[PDB]
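Quick one: the structure is below, questions incoming.
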Amino acid sequence: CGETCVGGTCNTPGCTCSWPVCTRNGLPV
């Protein structure tokens, strides 16, 4: 995802909050 869910959520679509960073389909992209 490249995004960070330091807040507890992800802005990027289909991106999960994989604190501290974000994730995609359970994979950090």
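Indices start at 1 and increase along the chain as displayed.
Determined via solution NMR.
Cβ coordinates come from backbone N, Cα and C, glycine included.
The disulfide bond annotation in Swiss-Prot covers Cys1-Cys15, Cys5-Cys17, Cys10-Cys22, and the record cites experimental evidence as its basis.
Surface or core, plus neighbours and distances: that's what I need for these features.
Secondary structure at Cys1 (disulfide bond), as computed by DSSP, is coil.
With a cut-off of 8 Å between CB atoms and residues at least 6 apart in sequence, the same chain places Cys5, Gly8, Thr9, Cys10, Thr23 near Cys17 (disulfide bond), listed in sequence order.
All protein chains included, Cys10 (disulfide bond) registers 19 other Cβ atoms within 10 Å of its own Cβ.
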What Cα-Cα separation, expressed in whole Å, is found between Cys1 (disulfide bond) and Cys22 (disulfide bond)?
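Distance between the two Cα atoms comes out at 6 Å.
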Please report the Cα separation of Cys22 (disulfide bond) and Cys15 (disulfide bond) in Å, rounded to an integer.
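Checking the Cα atoms of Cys22 (disulfide bond) and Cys15 (disulfide bond) gives a distance of 6 Å.
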Which residues, sitting 6 or more apart from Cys15 (disulfide bond) on the same chain, put a CB under 8 Å from its CB?
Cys1, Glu3, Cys5, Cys22, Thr23, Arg24
